[PDB]
>>> print(open('protein.txt').read())   # compact mmCIF, C-alpha atoms
# COMPACT_ATOMS: atom_id res chain seq x y z
CA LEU A 1006 -18.51 -23.15 -18.68
CA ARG A 1007 -19.51 -24.44 -15.24
CA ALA A 1008 -17.05 -26.93 -13.75
CA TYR A 1009 -17.81 -28.77 -10.50
CA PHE A 1010 -15.37 -30.43 -8.11
CA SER A 1011 -15.72 -33.53 -5.97
CA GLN A 1012 -14.07 -32.22 -2.79
CA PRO A 1013 -14.95 -28.57 -2.04
CA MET A 1014 -11.75 -26.89 -0.85
CA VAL A 1015 -10.30 -23.40 -0.74
CA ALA A 1016 -9.11 -21.88 -4.02
CA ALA A 1017 -5.59 -20.46 -3.80
CA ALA A 1018 -5.55 -20.23 -7.61
CA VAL A 1019 -7.57 -21.43 -10.59
CA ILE A 1020 -5.68 -23.21 -13.37
CA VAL A 1021 -7.39 -22.90 -16.77
CA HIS A 1022 -5.72 -24.92 -19.52
CA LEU A 1023 -6.53 -23.79 -23.06
CA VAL A 1024 -5.70 -25.13 -26.51
CA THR A 1025 -7.04 -22.16 -28.50
CA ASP A 1026 -6.69 -18.42 -27.93
CA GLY A 1027 -10.00 -17.82 -29.71
CA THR A 1028 -8.45 -15.26 -32.07
CA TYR A 1029 -10.07 -15.19 -35.51
CA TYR A 1030 -7.68 -14.99 -38.45
CA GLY A 1031 -9.40 -11.86 -39.80
CA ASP A 1032 -9.96 -10.03 -36.50
CA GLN A 1033 -7.14 -8.34 -34.57
CA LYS A 1034 -8.99 -8.19 -31.24
CA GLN A 1035 -7.82 -10.22 -28.26
CA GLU A 1036 -10.11 -12.58 -26.38
CA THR A 1037 -10.78 -12.38 -22.64
CA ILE A 1038 -11.98 -14.98 -20.15
CA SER A 1039 -13.85 -14.12 -16.95
CA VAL A 1040 -13.77 -16.55 -14.02
CA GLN A 1041 -16.22 -16.54 -11.10
CA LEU A 1042 -15.62 -18.82 -8.14
CA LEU A 1043 -18.81 -20.38 -6.78
CA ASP A 1044 -19.15 -21.24 -3.10
CA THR A 1045 -21.03 -23.97 -1.28
CA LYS A 1046 -23.47 -21.20 -0.28
CA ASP A 1047 -23.98 -20.44 -4.03
CA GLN A 1048 -22.24 -17.05 -4.16
CA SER A 1049 -20.12 -15.67 -6.99
CA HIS A 1050 -16.66 -14.20 -6.37
CA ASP A 1051 -15.18 -12.38 -9.35
CA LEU A 1052 -11.61 -13.12 -10.42
CA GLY A 1053 -11.53 -10.61 -13.29
CA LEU A 1054 -10.91 -10.51 -17.02
CA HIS A 1055 -7.78 -12.21 -18.38
CA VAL A 1056 -6.43 -12.35 -21.92
CA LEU A 1057 -5.61 -15.71 -23.49
CA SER A 1058 -2.09 -16.45 -24.74
CA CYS A 1059 -0.47 -19.67 -25.96
CA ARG A 1060 2.62 -18.68 -23.96
CA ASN A 1061 0.48 -18.91 -20.80
CA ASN A 1062 -0.99 -22.31 -21.62
CA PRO A 1063 -2.06 -23.22 -18.00
CA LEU A 1064 -3.50 -19.77 -17.18
CA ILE A 1065 -2.90 -19.20 -13.43
CA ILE A 1066 -5.51 -16.86 -11.89
CA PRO A 1067 -4.38 -15.87 -8.35
CA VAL A 1068 -7.22 -15.47 -5.84
CA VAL A 1069 -6.59 -12.39 -3.70
CA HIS A 1070 -8.52 -13.06 -0.49
CA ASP A 1071 -8.87 -10.45 2.24
CA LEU A 1072 -7.63 -11.98 5.48
CA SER A 1073 -10.23 -10.21 7.65
CA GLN A 1074 -13.03 -11.89 5.70
CA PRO A 1075 -13.66 -15.59 6.46
CA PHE A 1076 -12.32 -18.25 4.12
CA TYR A 1077 -14.88 -20.17 2.08
CA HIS A 1078 -14.97 -23.53 0.33
CA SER A 1079 -15.15 -23.45 -3.46
CA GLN A 1080 -17.52 -25.88 -5.18
CA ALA A 1081 -17.74 -24.72 -8.80
CA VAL A 1082 -15.89 -22.45 -11.21
CA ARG A 1083 -17.84 -20.56 -13.87
CA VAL A 1084 -15.74 -19.39 -16.83
CA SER A 1085 -17.61 -16.84 -18.95
CA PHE A 1086 -16.32 -15.87 -22.39
CA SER A 1087 -17.87 -14.17 -25.42
CA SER A 1088 -15.98 -15.87 -28.24
CA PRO A 1089 -16.96 -19.26 -29.73
CA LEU A 1090 -13.41 -20.21 -30.76
CA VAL A 1091 -12.15 -20.52 -27.16
CA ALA A 1092 -11.42 -24.10 -26.09
CA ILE A 1093 -10.68 -25.31 -22.55
CA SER A 1094 -9.12 -28.72 -21.91
CA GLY A 1095 -9.52 -28.63 -18.13
CA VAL A 1096 -10.16 -26.34 -15.17
CA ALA A 1097 -8.26 -26.94 -11.93
CA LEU A 1098 -8.54 -25.70 -8.36
CA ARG A 1099 -5.39 -25.05 -6.34
CA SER A 1100 -5.65 -25.62 -2.58
CA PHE A 1101 -3.36 -26.02 0.42
CA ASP A 1102 -2.18 -29.58 1.00
CA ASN A 1103 -1.10 -29.16 4.63
CA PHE A 1104 -4.27 -27.48 5.92
CA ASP A 1105 -7.86 -26.52 5.20
CA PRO A 1106 -8.20 -22.87 6.36
CA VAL A 1107 -12.02 -22.95 6.55
CA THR A 1108 -12.47 -25.75 9.09
CA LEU A 1109 -9.35 -24.69 11.01
CA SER A 1110 -11.07 -21.46 12.07
CA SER A 1111 -13.84 -23.58 13.63
CA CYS A 1135 -3.21 -32.47 33.58
CA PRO A 1136 -1.86 -32.13 37.13
CA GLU A 1137 -3.71 -30.93 40.20
CA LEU A 1138 -3.87 -27.16 40.69
CA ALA A 1139 -3.67 -25.86 44.27
CA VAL A 1140 -4.58 -22.22 44.96
CA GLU A 1141 -4.22 -20.82 48.47
CA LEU B 1006 5.78 5.95 13.49
CA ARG B 1007 7.55 2.59 13.69
CA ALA B 1008 5.88 0.14 16.08
CA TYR B 1009 7.48 -3.22 16.89
CA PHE B 1010 5.82 -6.36 18.23
CA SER B 1011 7.09 -9.03 20.61
CA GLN B 1012 5.74 -12.11 18.80
CA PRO B 1013 5.98 -11.87 14.99
CA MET B 1014 2.73 -13.25 13.59
CA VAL B 1015 0.64 -12.85 10.46
CA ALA B 1016 -1.31 -9.61 10.02
CA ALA B 1017 -4.96 -10.18 9.15
CA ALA B 1018 -5.67 -6.52 9.95
CA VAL B 1019 -3.97 -3.48 11.49
CA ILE B 1020 -5.79 -1.52 14.21
CA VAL B 1021 -4.64 2.11 14.44
CA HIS B 1022 -6.35 3.86 17.36
CA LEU B 1023 -6.29 7.66 17.14
CA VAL B 1024 -7.38 10.51 19.40
CA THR B 1025 -6.99 13.31 16.82
CA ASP B 1026 -7.99 13.52 13.16
CA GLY B 1027 -5.18 16.00 12.52
CA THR B 1028 -7.55 18.52 10.94
CA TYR B 1029 -6.54 22.13 11.49
CA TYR B 1030 -9.34 24.52 12.42
CA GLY B 1031 -8.51 26.83 9.51
CA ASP B 1032 -7.84 24.19 6.83
CA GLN B 1033 -10.61 22.18 5.16
CA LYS B 1034 -8.33 19.40 3.88
CA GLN B 1035 -8.59 15.87 5.24
CA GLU B 1036 -5.61 14.01 6.67
CA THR B 1037 -4.43 10.62 5.42
CA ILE B 1038 -2.37 7.89 7.08
CA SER B 1039 -0.25 5.39 5.15
CA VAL B 1040 0.58 2.03 6.73
CA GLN B 1041 3.42 -0.25 5.62
CA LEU B 1042 3.75 -3.71 7.13
CA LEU B 1043 7.35 -4.73 7.80
CA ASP B 1044 8.41 -8.37 7.63
CA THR B 1045 11.07 -10.33 9.48
CA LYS B 1046 13.04 -10.18 6.20
CA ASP B 1047 12.81 -6.33 6.35
CA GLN B 1048 10.42 -5.81 3.43
CA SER B 1049 7.66 -3.21 3.15
CA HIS B 1050 4.12 -4.16 2.12
CA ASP B 1051 1.88 -1.20 1.35
CA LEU B 1052 -1.60 -1.07 2.88
CA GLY B 1053 -2.61 2.21 1.23
CA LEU B 1054 -3.82 5.67 2.19
CA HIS B 1055 -6.72 5.96 4.65
CA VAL B 1056 -8.53 9.06 5.88
CA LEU B 1057 -8.91 9.65 9.62
CA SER B 1058 -12.36 10.03 11.18
CA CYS B 1059 -13.61 10.03 14.75
CA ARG B 1060 -16.56 7.86 13.68
CA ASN B 1061 -14.11 5.23 12.38
CA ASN B 1062 -12.15 5.34 15.61
CA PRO B 1063 -10.25 1.98 15.83
CA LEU B 1064 -9.46 2.15 12.06
CA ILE B 1065 -9.45 -1.51 11.05
CA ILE B 1066 -7.20 -1.69 7.98
CA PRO B 1067 -7.64 -5.10 6.30
CA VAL B 1068 -4.70 -6.83 4.64
CA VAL B 1069 -5.58 -8.32 1.24
CA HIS B 1070 -3.08 -11.15 0.76
CA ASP B 1071 -2.84 -13.11 -2.48
CA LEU B 1072 -3.23 -16.80 -1.65
CA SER B 1073 -0.73 -17.94 -4.29
CA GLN B 1074 2.02 -15.90 -2.61
CA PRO B 1075 3.46 -17.34 0.63
CA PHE B 1076 2.35 -15.95 3.97
CA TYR B 1077 4.88 -13.92 5.93
CA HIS B 1078 5.37 -13.00 9.57
CA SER B 1079 4.93 -9.33 10.46
CA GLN B 1080 7.45 -7.75 12.84
CA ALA B 1081 6.87 -3.99 12.61
CA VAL B 1082 4.27 -1.54 11.33
CA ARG B 1083 5.37 1.80 9.89
CA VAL B 1084 2.66 4.47 9.84
CA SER B 1085 3.64 7.44 7.67
CA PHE B 1086 1.67 10.69 7.84
CA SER B 1087 2.37 14.26 6.75
CA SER B 1088 0.44 16.21 9.38
CA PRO B 1089 1.83 17.07 12.84
CA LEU B 1090 -1.58 17.14 14.55
CA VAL B 1091 -2.18 13.39 14.11
CA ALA B 1092 -1.98 11.42 17.36
CA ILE B 1093 -1.94 7.63 17.77
CA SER B 1094 -2.68 5.96 21.10
CA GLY B 1095 -1.75 2.44 19.99
CA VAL B 1096 -1.11 0.24 16.96
CA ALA B 1097 -2.34 -3.36 17.00
CA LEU B 1098 -1.76 -6.43 14.86
CA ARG B 1099 -4.63 -8.84 14.20
CA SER B 1100 -3.70 -12.50 13.74
CA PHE B 1101 -5.36 -15.92 13.70
CA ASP B 1102 -5.69 -17.49 17.14
CA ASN B 1103 -6.29 -21.07 15.99
CA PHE B 1104 -3.35 -21.32 13.58
CA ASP B 1105 -0.17 -19.70 12.29
CA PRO B 1106 -0.40 -19.93 8.47
CA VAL B 1107 3.34 -19.37 7.90
CA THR B 1108 4.74 -22.32 9.86
CA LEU B 1109 1.81 -24.54 8.86
CA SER B 1110 2.97 -24.49 5.23
CA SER B 1111 6.33 -25.88 6.41
CA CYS B 1135 0.86 -49.00 11.45
CA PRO B 1136 0.03 -52.58 10.44
CA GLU B 1137 2.07 -54.89 8.23
CA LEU B 1138 1.53 -54.48 4.48
CA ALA B 1139 1.64 -57.64 2.36
CA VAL B 1140 1.90 -57.30 -1.43
CA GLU B 1141 1.82 -60.41 -3.62
>>> encode(input="protein.txt", output="structure tokens")
Amino acid sequence: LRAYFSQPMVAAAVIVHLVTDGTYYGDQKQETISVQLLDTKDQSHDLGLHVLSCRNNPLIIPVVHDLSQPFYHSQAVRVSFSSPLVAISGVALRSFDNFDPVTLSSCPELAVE
Amino acid sequence: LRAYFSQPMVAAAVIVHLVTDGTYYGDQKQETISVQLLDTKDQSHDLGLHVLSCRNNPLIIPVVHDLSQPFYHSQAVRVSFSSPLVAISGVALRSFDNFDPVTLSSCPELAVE
């Protein structure tokens, strides 16, 4: 599931809202969702495998970004799952409202004798 | 080794400059250094165990901060090691020069008919 966004911002977290866990009524296995952030430079950043629970309806996936590496804008989110009973109502991107960390990294007379 | 800093800022990375690996001439074991960032609220954040090498002389330790969690100022760095031959010339804190991410998270007439 490839979801695009109008304004490419940083991704503090990815909110994935589901209405089905994907669990079949005859199978006891749990269902996992894998989320890859996509940049404006078309690069995939893995966010890992997460199980699906109705208790965690708006799944919050926290993006752990290394502060030495530069921040990057996020354009698309690819959610990869291997179960056809999984349903997603909407995918959200969480950003910082006060600042954009990507673009932020971009008088009298003085007399000396 | 508890090193304090004058201006508490964020810690993008910790630079630990060494002049000895701590390796004894009769022992083949490597020597590890553990670094804990200390906050202004007096809380320890673990940065892990790192081996000491003369090739990797400045020893840039990156800090992987989860973007959902709030940023915190760093006051002190505690470097814990269990070998008496380890020597440290200086401990540095790497921050963002353009912005402080902690404190950054803190007209005409309109006529309506």
>>> interface_residues(input="protein.txt", of="chain B", to="chain A", cutoff="12 Å", atoms="only C-alpha atoms", output="ChimeraX atom specification")
/B:1015-1020,1052,1065-1076,1098-1111
>>> atom_distance(input="protein.txt", atom1="CA of residue 1038 in chain A", atom2="CA of residue 1079 in chain A")
19.0 Å
>>> residues_around(input="protein.txt", residues="residue 1037 in chain A", least_positions_apart="2", cutoff="8 Å", atoms="only C-alpha atoms", output="list in words")
residues 1035, 1039, 1054, 1055, 1056, 1057, 1086 and 1087 of chain A
>>> atom_distance(input="protein.txt", atom1="CA of residue 1081 in chain B", atom2="CA of residue 1063 in chain B")
18.4 Å
>>> closest_residue(input="protein.txt", among="A:1034, A:1060, A:1078, A:1022", to="residue 1048 in chain A", atoms="all atoms listed in the file")
A:1078
>>> atom_distance(input="protein.txt", atom1="CA of residue 1058 in chain B", atom2="CA of residue 1029 in chain B")
13.4 Å
>>> closest_residue(input="protein.txt", among="B:1051, B:1139, B:1043, B:1024", to="residue 1007 in chain B", atoms="only C-alpha atoms")
B:1043
>>> axis_aligned_box(input="protein.txt", around="range 1092-1098 of chain A", padding_each_side="5 Å", output="AutoDock Vina command-line options")
--center_x -9.8 --center_y -26.4 --center_z -17.2 --size_x 13.2 --size_y 14.6 --size_z 27.7
>>> closest_residue(input="protein.txt", among="B:1006, B:1097, B:1138, B:1023", to="residue 1084 in chain B", atoms="only C-alpha atoms")
B:1006
>>> closest_residue(input="protein.txt", among="A:1028, A:1077, A:1082, A:1013", to="residue 1041 in chain A", atoms="only C-alpha atoms")
A:1082
